[PDB]
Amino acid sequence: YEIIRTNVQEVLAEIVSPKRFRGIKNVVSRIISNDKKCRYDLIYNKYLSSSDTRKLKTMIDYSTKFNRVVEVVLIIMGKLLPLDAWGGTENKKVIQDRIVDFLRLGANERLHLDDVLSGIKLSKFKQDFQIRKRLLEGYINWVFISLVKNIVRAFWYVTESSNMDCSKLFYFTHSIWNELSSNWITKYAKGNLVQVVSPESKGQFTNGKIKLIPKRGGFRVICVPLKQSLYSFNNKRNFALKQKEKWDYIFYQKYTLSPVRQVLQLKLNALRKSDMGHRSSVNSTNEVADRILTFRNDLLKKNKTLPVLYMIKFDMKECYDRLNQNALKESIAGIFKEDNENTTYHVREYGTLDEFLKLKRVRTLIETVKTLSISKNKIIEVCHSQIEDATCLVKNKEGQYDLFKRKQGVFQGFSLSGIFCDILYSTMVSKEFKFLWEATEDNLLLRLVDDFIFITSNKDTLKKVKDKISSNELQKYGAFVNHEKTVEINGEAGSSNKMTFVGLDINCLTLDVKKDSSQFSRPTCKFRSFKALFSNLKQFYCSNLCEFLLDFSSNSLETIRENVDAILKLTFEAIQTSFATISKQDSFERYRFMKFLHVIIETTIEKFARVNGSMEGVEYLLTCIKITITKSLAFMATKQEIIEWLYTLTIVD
């Protein structure tokens, strides 16, 4: 069914980017005519379509196994491309291995034609021919992004999991995906949503589109904002309207959302530094470790010895789903209580990813103020609009796309959801745990977004915490404690002494803090050359830099940076480890290494701005990437030129 949607005239234009160049026209013709005479339905019926629809344990089980996916892909590619189109016989296996590695990324990530291009000149058009062989780049680029990618899109819906570790992607067939998703959503809506009768003019802003993510026995619902109105989503052929409403969103994102996001963060940051109750809130994993190791050091100083300690961890059941919208709207007014609303705030104007790629060219990282005004009035209006008016689109199963609203709570995926949850729980914590903010000597409460840990040496103040979490007093805010996941240890030589809180291992007697197995698994750095090492690490970094790690609508920049630093630390430690072994047989070249760094840094920025669509945070993130790489290269004896080059990179103006 036409896996190739362009004619021979179009494919050759793609290859020869601006005749006795006919051998290519010959190959493309056979590939295109093979695509039409290919069945594509006996292949689907043979390997795929799994017509045993018995209720399985986990959603993931419905996915097509990666080995079956590769088998299908390569069997299609084998029919499509004749023996010569593969550049020979050994080149064929080489490219197939590169296709597999491209399938591990889900065929979505950016293709790099330097790793994949490792063939020879035995492709007889399938002194200075070499420099003129940049046609092979266009051919191979056409094979991967136009044939492999379109085969994947044809048969499977590709998504990662929520269960964990986020690199292993799952290929669900379209027929089984639409059936699972439609039935879950229809059930989810009845028990959690309520439809909306009449739309309104500001619909390009509050409309969302549902994206599902497999949770062990179900799904996790994310809401992707629609960059258009409900009208143009049903009128799918009025392309002029969608482009106008798309820029409507871009300007709404640029001048309305981003300012509101910035001011709420300022108020929240001016509470962590000013209010005792807000100092228990913490923005990142490493900040938990640092505050614990500081608390430990305070005890050692203040007491000369560590006393017997009592710690308990608890978390909130579905903090976004059950969030109390009214308790939130009061929290928002609270941090504005002294502002006498006609006061105006001046924040920076940040760019948009769509502004970069639509209006100009690529390679946003070059080797070489603009403030806005927003009023508190408008801020409260936008916050209320996102809380009250946020609607999603659900398939009516006959193609009608009704618009539903949350009965309670906020959608995860809207640009303000994450900071909303931060404002409400910070306000909550500072209000209900009043009795711990003036005795920080021997009690510590720490909050990551919906995870809590309380360490103390006081059996009586431990009861007060256990009495509040066992009470309804927190339900008013929408925080329902996950009582079945609450763990308590004290370490009195009869009690357990270990506890894993946020991916850290904490000892109850020594207050030792560690990292739980470094969940971004071993980078496998046993290679003979530096080029071979950098290619492997480039694959590791891209596949382990998951999108959910860079989402600003759900995590704070501080935690986004620390997830970056985590992948960087593991990437470079594999260089530090194997440098002496490799350097014995292959000479380190700083310029090949700099190109490797340049790819790592560009991928991080490009992926960040693709996930958030808003350049806010790229400059701050870029400078932090410099520092992390500087610190991770300390072992490098001579790195002056590398570092000098590193510090010259900037984002495109």
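The first residue of the sequence shown is number 1, and the count goes up from there.
TODO: With residue 126 and residue 127 adjacent in the shown sequence, let me know how many deposited residues between them lack coordinates: none, 1 to 3, 4 to 9, or 10 or more.
DONE: Going from residue 126 to residue 127, the model skips 10 or more residues of the deposited sequence.
Open item on the list: Quick check on the record: does 546-554 or 458-466 carry the larger mean Cα temperature factor?
Closed with: Per the PDB record, 458-466.
- [ ] Averaging only over Cα atoms, indicate whether 220-228 or 395-403 has the higher B-factor in the PDB entry.
- [x] Between 395-403 and 220-228, it is 395-403 that shows the higher mean C-alpha B-factor.
TODO: Name the residue from 143, 95, 424, 312 with the greatest C-alpha temperature factor listed in the entry.
DONE: Answer, based on the entry's C-alpha B-factors: 95.
Task: Among 491, 413, 409, 334 - the residue whose C-alpha B-factor is largest in the record - done: Spelled out: the listed residue with the top C-alpha B-factor is 491.
Open item on the list: Using only modelled residues of the chain, where does the Cα B factor of residue 139 rank: lowest third, middle third or highest third?
Closed with: Highest third of the chain for residue 139's C-alpha B-factor.
Task: CA B-factor ranking of residue 86, expressed as a third of its chain - done: CA B-factor rank for residue 86: highest third.
- [ ] Would you please rank residue 41 by its C-alpha temperature factor against the other modelled residues of its chain and give the third it falls in: lowest, middle or highest?
- [x] Its C-alpha B-factor belongs to the highest third of this chain's values.
Open item on the list: When the deposited Cα B-factors of this chain's modelled residues are ordered and cut into thirds, is residue 262 in the lowest, the middle or the highest one?
Closed with: Bottom third by C-alpha B-factor.
Task: CA B-factor ranking of residue 515, expressed as a third of its chain - done: It belongs to the middle third of the chain when residues are ordered by C-alpha B-factor.
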